[PDB]
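First comes the structure, then the notes that go with it.
Each answer follows from the model by the rule given with it, or from the source it names; no laboratory instrument gave them. Note that each Cβ is placed from the backbone with ideal geometry, even for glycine, and that neighbours are counted across all protein chains shown.
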Amino acid sequence: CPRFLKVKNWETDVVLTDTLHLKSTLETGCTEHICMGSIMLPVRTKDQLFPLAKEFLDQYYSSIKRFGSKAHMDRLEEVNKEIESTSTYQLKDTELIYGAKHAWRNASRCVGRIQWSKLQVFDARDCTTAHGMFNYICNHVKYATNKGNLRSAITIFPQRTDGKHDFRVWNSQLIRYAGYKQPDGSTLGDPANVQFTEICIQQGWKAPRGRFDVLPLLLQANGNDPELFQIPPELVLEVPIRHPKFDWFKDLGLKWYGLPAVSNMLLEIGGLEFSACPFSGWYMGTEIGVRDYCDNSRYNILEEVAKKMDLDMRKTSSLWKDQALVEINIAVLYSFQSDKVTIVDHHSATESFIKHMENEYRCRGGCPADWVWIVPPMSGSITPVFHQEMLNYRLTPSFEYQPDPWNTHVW
Ligand code: HEM
Ligand SMILES: COCCCNc1cncc(CCc2cc(C)cc(N)n2)c1
Ligand SMILES: C[C@H](O)[C@H](O)[C@H]1CNc2nc(N)[nH]c(=O)c2N1
Ligand SMILES: [Zn+2]
């Protein structure tokens, strides 16, 4: 802008002023001579820990307008001494909830953040076993699902200590379908999960060898060998995909699960690392309809579908893929709604995100947003976020990526 940063919506000419980026700690990958905005992915000593701890506490106490208080100050000595003795420290329940809700709030890749303050935090820091993990996770799933009226939730397992005793949910999501490679060449189910399916089988999973087989949970507690568990099927809500007009759509036998629940990410609060912190909300229809169903590397159903629309697949210029994609996504939304399972369309979601974005600038002086991820993978320019300039930067607490457990743990 003039002296501090401005973003603009070119459809509405609204301008917003960003000051929040000046708090940004972490680094983006971009430099003054290269932009890495479209790049997917650009323990800790005692000494590294206290700055990060104090930085978080200062923020937490500044959030409740008690910055610089006795409570604030004693808490600082309290934690400083915890780190000398024990090389770590423990978050109060209140701080844990603040941290978690704010990690969501700072998640620059998430279009749903208008919901950020409405999150259930299940503290599972007392868990010591894979079995306990299974119990916490089942409870999360059942709570979150809520018989179709979805509720946002996260379950936080014990924090990392010496890198030799961390909790990992080896699953990328709590609920995902298996993927089966064949020397036939082809692949049955979800190909994103083929290797993971292999690990499960090479750990004794009795694979039904079907298309939409819900995978077992594979749970690592205290750094031990991970252990298999079948989520109770009655806890796994699913939607058969049919079309509001094309009654032949049922015949494709599509089904998806209703509960999107990410389980491979790392939650960072006050320098502490929670390597097992599965979290869930509800689906934007395009996640299933466009990416899950139509990505070439995923279920890849575009050919099968468009074929059954008497479509012109001779050349790409008929836009037969575009047509099939729109129908597939209509069927997804219709289905979830006919089943009274929470879902949002990309028009409504992006619309609420603009509102949220403007909310955040009003009261927080900004909102970090990653345009590349915020814009839906179909019909981009007819949603409001396509035309909205966005500033991306890294605030903390945060959810981070982390290595796949099978490329580390062994024995
Ligand atoms: C309530 C409904 C929610 C909706 C509609 C929603 C929507 C989305 C969408 C569409 C994406 C992009 C995913 C993709 O295209 O692969 C995403 C990413 C993400 N969401 Fe949200 N979300 C919701 C709830 C939550 C919650 C409860 C959390 C955590 C507290 C969260 C944190 C994140 C994070 C960390 C990412 C980035 C994933 C990555 O970088 O791989 N979201 N969200
Ligand atoms: C490939 O490396 C990065 C992995 C991409 N992340 C990613 C992939 N598929 C699905 C997701 C689900 C994201 C999500 C999470 C939540 C809590 C809700 C929602 N609607 N969507 C995330
Ligand atoms: C290359 C590019 O960064 C990558 O394909 C991104 C683009 N935008 C995305 N946006 C969402 N919501 N989800 C994704 O997986 C991706 N993939
Ligand atoms: Zn950049």
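Selection within segment 35-51: residues that are among the aliphatic types (A, V, I, L, M) and away from ligand 3 (no atom under 16 Å from the Cβ). The member of this set that is nearest to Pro403 (Cα to Cα) is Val43.
Listed here are the residues, each with its yes/no results for (1) aliphatic (A, V, I, L, M); (2) buried (at least 20 other Cβ atoms within 10 Å of the Cβ).
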{"position": "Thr129", "(1), (2)": "no, no"}
{"position": "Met133", "(1), (2)": "yes, yes"}
{"position": "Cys138", "(1), (2)": "no, no"}
{"position": "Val141", "(1), (2)": "yes, yes"}
{"position": "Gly148", "(1), (2)": "no, no"}
{"position": "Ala153", "(1), (2)": "yes, yes"}
{"position": "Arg160", "(1), (2)": "no, yes"}
{"position": "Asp166", "(1), (2)": "no, yes"}
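Every residue, every condition in (1) over 30 Å from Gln220 (Cβ atoms); (2) outside any helix (DSSP H, G or I); (3) away from ligand 1 (no atom under 16 Å from the Cβ), yes or no:
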{"site": "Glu268", "(1), (2), (3)": "no, yes, no"}
{"site": "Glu273", "(1), (2), (3)": "no, yes, no"}
{"site": "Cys277", "(1), (2), (3)": "no, yes, no"}
{"site": "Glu287", "(1), (2), (3)": "no, no, no"}
{"site": "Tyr293", "(1), (2), (3)": "yes, no, no"}
{"site": "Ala306", "(1), (2), (3)": "yes, no, yes"}
{"site": "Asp310", "(1), (2), (3)": "yes, yes, yes"}
{"site": "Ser317", "(1), (2), (3)": "yes, no, yes"}
{"site": "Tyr334", "(1), (2), (3)": "yes, no, yes"}
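Regarding segment 352-366, can at least one residue be identified that is among the acidic types (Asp, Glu), under 20 Å from the mean Cα position of the chain (by Cα) and more than 23 Å from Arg151 (Cβ to Cβ)? No - not one qualifying residue is present in segment 352-366.
Whether a residue is within 16 Å of ligand 2 (Cβ to nearest atom) and either outside the structural domain of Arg105 (by CATH) or polar (S, T, N, Q) (or both) was assessed, and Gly210 does not pass this test. Here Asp166 meets the list (1) farther than 19 Å from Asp225 by Cβ; (2) not in a helix (DSSP H, G or I) almost entirely, failing just condition (1). Restricting attention to segment 18-36 and to residues that are within 20 Å of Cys1 (Cα to Cα) and either within 9 Å of ligand 4 (Cβ to nearest atom) or of a type in the set (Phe, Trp, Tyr) (or both), the residue that is farthest from the chain's Cα centre (by Cα) turns out to be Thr31.
For segment 140-163, enumerate the residues that are of a type in the set (D, E, K, R) and outside any loop (DSSP other than H, G, I, E, B).
Passing the criteria: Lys142, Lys147.
Taking segment 345-378 as the range and being more than 14 Å from ligand 1 (Cβ to nearest atom), surrounded by fewer than 19 Cβ atoms within 10 Å (Cβ to Cβ) and not in a helix (DSSP H, G or I) as the test, only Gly365 passes.
The residue of segment 32-53 that is farthest from ligand 1 (Cβ to nearest atom), among those that are surrounded by 11 or more Cβ atoms within 10 Å (Cβ to Cβ) and charged (D, E, K, R), is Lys46.
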